[PDB]
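*Asks:* sequence-free structure coming up:
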């Protein structure tokens, strides 16, 4: 049930998240685009400084009034094929170099931590206050800087499949925001798109998003969702922790199979007033796919001895998840102290650097960084025993991969439905059926993906916002409106891209999308979308 | 009737040789005849079957079916063709073990070594 205090907590968390996102965008522009800075910041340094900025801003608000506050999703920066989970610690740089020596150059940006021109850099971060969560994620593009022009600008737009993915993600974000705002004024929904007396459904959400992805020649990556957020239950760890009640729309390999053929999420819900919704969309480019295939995910481990593949990424995840249903008294004192701090954190994913007493640093000093690393080594000693007894788990690093359908059809699985990975640590993905109609399990699909020579990786673009449906009473101006807690035209401003595709106007769904864009651009007699503003810094 | 004193007609010895033959001998044992068109095109009758060539099933319950050789399971004296399977309701698909003498090669997978083999058997390709 919404209230003024709940709305204020959401607004404060959203403002903190917007300010942090603006900070990291400015840092990237200064390091790579403005090029005024002497030293180029790398990915782990960006993540660490972002988390410190979030904590220092959050210290000033809701002191001695709220039991729990902090970082909801640790600052993640993902590059091209890497679809999420990339928040490396600062003490893993030499490890990454040593592990990936003798590999390809395909993951060079993530291995080195230095960005390169043409990279799709996805920034994701979230803030929770009293369990009320706001999350934001934006894709930006790294361009080469022009020299002849007086003013620092890119030499050209981003072109190709990466541009297609960025455009698909951005347009899907805008259309979904408009559609969910139409739930407050159902009479404003375009007639062709849906009924005047009909509400907003997950079916309509899915078909609009699929129409846009199909128009831009992209797939929807299986981690995408448009779900409802409640207190302490935001899907901060959706692939790891289970939930009793779920209201939203997801995309999976099973949904891809059903589309090609034509606690459990389902698109049989009506978007109601007075609720908070998270919209997270990942679009994978299908530029290099000359056939029809399936979009899946490959998990990253830290073992270089598991194969001889040159284009494999070896890395260790930086974010851990505490399982409060598991109890075990540890044998190491360092382990017991670390567990005490981890239980102090909460039900959100955490970094080991977040647990240091020095962090966040008041003054960015070489000795402060050194003291943080000194704490980090002992933290790793404790963490090994904590994870060896299943008290914490790793939130995975995932890469979007493409598997053609002919290989899946020709492949033979003697076990069918019955096969499942019994060595998997997590129960939720271990007991998974990506293809219920074909009887192909997760371990079988991973085997097929690894056996294929035409199983390539796909660049991914990401857009993720949080919105609240404010009623006539809750809103200021006595009319219902959509309050966007994060994202919009101030922070998630699109990069310079150009695509060869566009929505073909001879489609009813496309016409409905265009009518929604018209009603959004109208501010008098249309939709009311109020964007949350970042606070000032200097 | 045999005429050499170095060849044996003993059934026990012949069967032990068949069942303990190593992999390189099993390759020769798993030979398949060519189709009528391929026989006229290349001028040879049979070849040792390999992994990437296309076959026609001419005997058994799966007769008349076509496909590409999926694997040559020499340990069990069989070959598996990708389109020739047995299916269960739970989605399981088990390959059928086929003997290559009950197949017919309709398209050969050619490489340098295969061309040399055809030419030393008396083939006249192209």
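*Replies:* Received, thanks. Residues are numbered from 1 along each chain as shown, chains lettered A, B, ... in the order given.
*Asks:* residues near the residue in chain B that chain A sits nearest to, how many?
*Replies:* Proximity of chain B to chain A (CB to the nearest CB) peaks at residue B:91, 1.7 Å away. Just so you know, the C-beta spots here come from the backbone N, C-alpha and C atoms, and that holds for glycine as well. Residue B:91 has 21 neighbours, counted by other CB atoms under 10 Å in any protein chain shown.
*Asks:* show me what contacts residue A:22?
*Replies:* A:490, A:491, A:534 (CB atoms under 8 Å, 6 or more residues apart in numbering or on different chains).
*Asks:* what's the offset of the longest strand along chain B from the middle of its chain?
*Replies:* Secondary structure assigned by DSSP state E gives strand B:66-73 as the longest strand of chain B. Distance of strand B:66-73 from the chain centroid (CA atoms, centre = their mean, to the nearest Å) equals 10 Å.
*Asks:* Packing partners of it?
*Replies:* strand B:54-57, strand B:78-81 (3 or more CB pairs under 8 Å, 6 or more residues apart in numbering or on different chains; DSSP states H and E).
*Asks:* Out of those, which is the most enclosed?
*Replies:* Mean neighbour count (mean count of other CB atoms under 10 Å in any protein chain shown) peaks for strand B:78-81 among the helices and strands packed on strand B:66-73, with a mean of 21.
*Asks:* which residues make contact with that one from outside it?
*Replies:* Applying CB under 8 Å, 6+ apart, the set of residues contacting strand B:78-81 from outside is B:30, B:49, B:55, B:57, B:65, B:67-73, B:95-100, B:103.
*Asks:* returning to what we had before: ranking by neighbours, what's the top pick from the contacts of residue A:22?
*Replies:* residue A:491 (21 neighbours).
*Asks:* For chain B, see how far away that one is.
*Replies:* Computed with CB to the nearest CB, to the nearest Å, the distance linking residue A:491 and chain B is 47 Å.
*Asks:* dump the residue contacts of the residue in chain B sticking out farthest from the centre.
*Replies:* Most distant from the centre of chain B: residue B:90, at 31.7 Å, with distances by CA atoms, centre = their mean. Listed by CB under 8 Å, 6+ apart, the contact set of residue B:90 reads A:416, A:417, A:418, A:439.
*Asks:* I'd guess the second one is in a strand, am I close?
*Replies:* No. Residue A:417: not assigned to a strand; according to DSSP: H, G, I helix; E, B strand; the rest coil it is helix.
*Asks:* Distance from stretch A:110-120 to the middle of the chain?
*Replies:* 18 Å.
*Asks:* Residue A:156: how many residues sit nearby?
*Replies:* 11.
*Asks:* and it, that's in a helix?
*Replies:* No. Assigned with three-state DSSP, residue A:156 falls outside any helix and is coil.
*Asks:* and it, what does it touch?
*Replies:* A:143, A:496.
*Asks:* List phi and psi for it.
*Replies:* Note on residue A:156: backbone dihedrals following degrees, to the nearest 10 are phi -170, psi 170.
*Asks:* need the contact list for whatever residue of the stretch 401-538 of chain A ends up closest to chain B.
*Replies:* Chain B sits closest to residue A:439 of the stretch 401-538 of chain A, with a gap of 1.7 Å, by CB to the nearest CB. Contacts of residue A:439 were listed using CB under 8 Å, 6+ apart, and they are A:413, A:416, A:417, B:90, B:91, B:92.
*Asks:* now do residue B:120
*Replies:* Counted by CB under 8 Å, 6+ apart, residue B:120 has zero contacts.
*Asks:* Check which helix or strand it maps to.
*Replies:* helix B:112-121 (DSSP states H and E).
*Asks:* how about that helix: buried residues?
*Replies:* B:114, B:118 (16 or more other CB atoms under 10 Å in any protein chain shown).
*Asks:* what's the answer for stretch A:31-46, then?
*Replies:* A:31, A:32, A:33, A:41, A:42, A:43, A:44, A:45, A:46.
*Asks:* farthest pair in those residues?
*Replies:* Within the buried residues of stretch A:31-46, A:33 and A:44 form the most distant pair, 19.9 Å apart (CB to CB).
*Asks:* Without its sequence neighbours, what residue ends up closest to residue A:303?
*Replies:* Leaving aside its sequence neighbours, residue A:303 sits nearest to residue A:314 (CB to CB, 6 or more residues apart in numbering or on different chains; 7.1 Å).
*Asks:* Over to residue A:155?
*Replies:* Residue A:155 sits nearest to residue A:146 (CB to CB, 6+ apart), 5.0 Å away.
*Asks:* isn't the one you found right next to residue A:152, touching?
*Replies:* Yes. Using CB atoms under 8 Å as the test, residue A:146 is close enough to residue A:152 to be in contact (7.2 Å).
*Asks:* helix, strand or coil for the residue farthest from the centre of chain B?
*Replies:* When classified by three-state DSSP, residue B:90 comes out as coil.
*Asks:* Angles on the backbone of it, please.
*Replies:* According to degrees, to the nearest 10, residue B:90 has phi -70, psi 10.
*Asks:* I'd like to know how far it sits from residue A:524.
*Replies:* 60 Å (CB to CB, to the nearest Å).
*Asks:* same thing with residue A:232?
*Replies:* Counting by CB to CB - residue A:232 and residue A:524 are separated by 39 Å.
*Asks:* which of the two has more neighbours?
*Replies:* Shown here are residue A:232 and residue A:524; by other CB under 10 Å, residue A:232 has more neighbours (15 against 5).
*Asks:* check contacts around residue A:295.
*Replies:* Here residue A:295 is in contact with A:219, A:220, A:221, A:222, A:253, A:256, A:284, A:400, A:401, A:402, A:458 (CB under 8 Å, 6+ apart).
*Asks:* Over to residue A:123?
*Replies:* Counting by CB under 8 Å, 6+ apart, residue A:123 has contacts A:21, A:24, A:25, A:75, A:76, A:77, A:137, A:138, A:139, A:140.
*Asks:* which element follows the helix or strand hosting it toward the C-terminus?
*Replies:* Using DSSP H and E, residue A:123 sits in strand A:120-129. For strand A:120-129, the following helix or strand on the C-terminal side (DSSP H and E) is strand A:132-141.
*Asks:* May I have the strands that pair with the very next helix or strand once past that following strand, each with its orientation?
*Replies:* Beyond strand A:132-141 on the C-terminal side, the first helix or strand identified by DSSP H and E is strand A:158-159. Applying DSSP bridges to the sheet, strand A:158-159 is found paired with strand A:497-498 (parallel).
*Asks:* Show me what the helix or strand that the strand it pairs with is followed by is packed against.
*Replies:* The helix or strand immediately downstream of strand A:497-498 is helix A:508-521, counting by DSSP H and E. Under the contact criterion of 3+ CB pairs under 8 Å, 6+ apart, helix A:508-521 touches helix A:161-181, helix A:202-215.
*Asks:* ok now helix A:508-521, how far from the chain's centre?
*Replies:* In terms of CA atoms, centre = their mean, the centre of helix A:508-521 is found 26 Å from the chain centre.
*Asks:* Give me the residues contacting it.
*Replies:* A:171, A:174-175, A:177-179, A:181-182, A:188, A:190, A:192-194, A:207-208, A:211-212, A:215, A:503-505, A:526-527, A:529.
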